[PDB]
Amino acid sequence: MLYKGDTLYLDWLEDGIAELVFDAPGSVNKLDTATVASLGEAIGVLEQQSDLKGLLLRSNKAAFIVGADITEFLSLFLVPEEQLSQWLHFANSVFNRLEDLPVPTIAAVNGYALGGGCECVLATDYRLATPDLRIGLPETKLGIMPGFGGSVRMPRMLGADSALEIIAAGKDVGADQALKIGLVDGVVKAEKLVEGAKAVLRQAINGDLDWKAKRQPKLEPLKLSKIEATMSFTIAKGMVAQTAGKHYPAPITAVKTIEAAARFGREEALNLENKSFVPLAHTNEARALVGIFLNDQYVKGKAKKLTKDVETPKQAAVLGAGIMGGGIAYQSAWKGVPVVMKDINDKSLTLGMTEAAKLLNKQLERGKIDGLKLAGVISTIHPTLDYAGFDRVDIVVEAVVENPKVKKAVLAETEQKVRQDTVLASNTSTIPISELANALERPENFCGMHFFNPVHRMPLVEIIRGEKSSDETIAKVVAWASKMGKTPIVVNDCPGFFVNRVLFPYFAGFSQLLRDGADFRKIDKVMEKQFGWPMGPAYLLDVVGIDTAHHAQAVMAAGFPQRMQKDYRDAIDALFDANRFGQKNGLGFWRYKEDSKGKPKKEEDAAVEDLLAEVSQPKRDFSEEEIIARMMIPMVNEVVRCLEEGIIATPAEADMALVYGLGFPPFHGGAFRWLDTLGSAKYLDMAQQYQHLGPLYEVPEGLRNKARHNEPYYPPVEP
C-alpha cells in the first residue's frame, strides 16, 4: 500500500482510485494531533501519484470519525495563542490539500461523523451516508467553535441559514435531515456504502458529474444579498440571544465570524475562523465545558467499574407515588425495567399514573413512541394499594414524607413483604442513611437513592452508603440508576449527604445577607443574571417550600452544630410563621398567581417587606461582588469539606453532582472548577474579608494548606 500510519492507511483499489481508510487502534477514530499529521503525510503521497483518478475516504469502525480528541483539548487550550493559531492554520492546510486535489473525492460516511469528523467529510466533493448516520458540528457545546473549516465549508455547502442553526446550537442531524439539507448527497446501506461510494465516483471520472462545479461553492463567497444577509444573521443572533442572555461566548462568536467571513474566499474565511477559534479555546468557559465532558466520561466510567459483575435489577418498585413517584415510575419503566408504585390513597395513585403518562405523552409529541407501544410501558406500571407483587421485585425506593418516624416505620414493614436478597433504597432529602439503617433487620441491603426535582430533568442520582451498606447492594443501585438514563454518583453517609448538604450554607448566607439589610429581590438578580444560576436563592426557596427549608435547616443544625446553627431569627423563620410556604400555597417570598396556562408567576407582595424588616437591619446596598462572595463562599467551603471528610470521592464527582444536581452553571464547570479558575490562593484572600461573618466563611485547613502554594484541585493530565 502507499501509506500506513497508526490510525489510518492508504492503498490503491479497483481501477486507479485510491482509498483512505481511518483504522484507529481503538474503538473510535478521532482527529487527534497525530491523526491530523498522519493525514498530512497521506495526502502528500496522493499529490505525487500521476496515475490518480479517484479518491475514497471511509472507516473500518462502527462510526466514521467521532471528532477531535477531547483528551487533548485541555492541553490544546494551554499552548500560546500564536502557536495554536499556526497549528490550526496548517492543520487547515491539510484539509485544503484534501479539497484541492485535482481529482473527484468522496467520503463514504458511516455512523457518527461529529466535530472534526464532519469537517473532514466537508472537504471532499461528495458525501454518501448510511441510514444510521448522525452528523453535525457540536463544538460550541464545549465552548469552542469549528476549527477545521467547519464554519467555512458548511455555510457554503448547505446555505447560510441551515449551517448557522447547526453550528451555533451545536446540534447533529440524522440521515434523513442531512440528505434534505445538503450535508449528504445520497443514503445507502453500509453494505452498498463502499460499492455505491465508488459508483458515484466513476460517474465523475467519466465526465457525467461536474465535480469541480460541485466543489467550487466551498471556495467562493456566499451567494447572499445585503438584504438576505442581514435577515439571515439576525435570526441566528436572535436565536442565540434566546438562550437566557448567554455568558456563553461560543455560540454568538461562531455566528458573528460566519457573518464577518461572508463575501470572502476560503482563505480569509478560514483566517477569520482561525482568529476566533483560538481566543475561544482560551476562555475559562471553554475549559469548564470541556472539563465537564471529561468529568462526565469519568463519572460514567466509574459507574461501569462498580457495576461490572452485578446483574441489573429486572423488577423495581417505588413507595411514594405523587409527582415524584410518577417520575421515578416513568423513568424506570420507560427504559425497560418494570415498576410497582404504591401509596396509601388512590387519589395519589391516579395523580402518579397521570404524571407518569404525561411524561410518556411528551415522547409521543415528537421523537414519537408508538401510541400502541406507549401503552406497553404504562401497563408496566401497576398502581397498588396493598403489597401486590412485592414478592417478585428486586429493588424498591422509598419516596415518602420527610419525616423520620414514618420512613423508619414504612421501611421495616415493606422489608417483611419482600425477599431477603432484595435491596431497599431511600429518597430521604436529609435524614442520614445510617440512622434509617437501625430500623431494618438486614441493613446490608439498604442504602440511599436520592433523586432531585425535577426528576426527569435533573439527571443526578445521589447514592449514599450507610455504615453497613455492603458493596454488592450499591452496585445494584448504581446499575438500576444507570439503566434509567441517569448519571449516578456515590457518596458516604452524613446528614444532607453532599448535594443538599452543600446547598444549605448557600441558603444560610442568604439569610445572613437579609439580616445585614440586603434586598432579596436584587440578591436573586445577581445570582441569576451574573453568576448564572437557573434560580436565585429566594425564588428557589419558594419552590422547595419555606417550611421544607425551615425543617431542613433544623435537621442540618443538629447534625452540624459546630458551624451550621444560627443565633438570630431570619427570613425563613419570619416567612414560615406567617404561613407563607412558597409556591406550595401561593404565598412566599413572592406571591404566585396562576397564569393562563397554569404556570404560577411570581408577583410582589406588600406584606413581605414589612415582615422582613422585623428580622432584618436597615436596608443596606451590597455590591454584586459582596452578594456573589457571601452566597458562594459558604457553599464551596462546604464542597471542599465534603472532599476532605471523604463524603465525595474526587473533585470530578463533586462538580458533576453540582452541575447535574443543583443546576450549577456549566460555564463555571462546578465549584472545584470555579475554585481552580479563580486563584486558589486568591480564594483565601477573598474569603478572609468575610471570615468574621460566621464559621461557614472560614476556609477549611485543607484548602488553607493548598492556598499556601496556590495548589489547584485538577491535576494537569495527559490524554
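Quick note: we count residues from 1 along the sequence shown, nothing fancier.
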{"query": "Stretch with the higher entry mean CA B-factor, where the candidates are 267-275 and 414-422", "finding": "414-422"}
{"query": "83-91 set against 555-563, stretch whose average Cα temperature factor tops the other in the entry", "finding": "555-563"}
{"query": "Given 511, 283, 445, 162, the residue at which the Cα B factor reaches its maximum", "finding": "445"}
{"query": "Residue of maximum C-alpha B factor among 322, 251, 646, 634, per deposited coordinates", "finding": "322"}
{"query": "Third of the chain, ranked by Cα B-factor, where residue 531 sits", "finding": "lowest"}
{"query": "Chain thirds of CA B-factor: placement of residue 391", "finding": "highest"}
{"query": "Chain-relative CA temperature factor third for residue 170", "finding": "lowest"}
{"query": "Residue 27 by Cα B-factor - lowest, middle or highest third of the modelled chain", "finding": "highest"}
{"query": "Ranked against its chain, the third holding the CA B-factor of residue 438", "finding": "highest"}
